[PDB]
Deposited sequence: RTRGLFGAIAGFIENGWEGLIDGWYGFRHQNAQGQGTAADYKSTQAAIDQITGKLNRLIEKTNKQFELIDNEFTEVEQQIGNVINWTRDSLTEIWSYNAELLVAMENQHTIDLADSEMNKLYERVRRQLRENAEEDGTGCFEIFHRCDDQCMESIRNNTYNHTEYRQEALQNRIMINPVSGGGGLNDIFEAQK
């Protein structure tokens, strides 16, 4: 019945977004994707694959022959072609590993960007619970949650209420 954020868990039930909010108040529970920070992740990842082509594609012709072989020269061409293949194989494999590290890390960054955004938005009206969640110390209805989600929450409206719930 309890809810937890990203610090432990990914959400199998968030099916129309990459990132999102899950909440809890008198009204009950809710989940909402976040469009802006999902799209920013998607934008950095579409265009991969195309960038792997730009970086590694080429134009060449025949230098040896298959239907009538050209042997002293041909034993070195085979050896040089094989050597260049190992270089390009090391390079491709490294490029994909590099691209993959960057995808995984950029996704982590948009999650942290967004949590830091909400943390600095709630100011002193809320406290971090350790699991990627904020415990809010005022009464926060469904139209106040959306306030936090769409970045228009005015922390002053609720500050004194929060501080009498936080301290006492």
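Residues 1-6, 77, 176-193 of the deposited sequence, counted from 1, carry no C-alpha coordinates in the model.
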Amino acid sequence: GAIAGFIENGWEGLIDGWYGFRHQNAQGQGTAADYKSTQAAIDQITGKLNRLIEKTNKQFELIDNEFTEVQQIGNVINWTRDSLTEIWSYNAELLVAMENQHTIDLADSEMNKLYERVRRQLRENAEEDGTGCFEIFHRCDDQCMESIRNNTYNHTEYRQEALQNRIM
From here on, numbers count along this sequence of modelled residues.
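Averaged over Cα atoms, the B-factor as recorded in the entry is higher for 41-49 than for the other of 41-49 and 124-132. Once the C-alpha B-factors are averaged per stretch, 115-123 and 58-66 rank with 58-66 first. When the modelled residues of the chain are ordered by their C-alpha B factor, residue 89 lands in the lowest third. Sort the chain's modelled residues by C-alpha temperature factor and residue 162 lands in the lowest third, per the entry.
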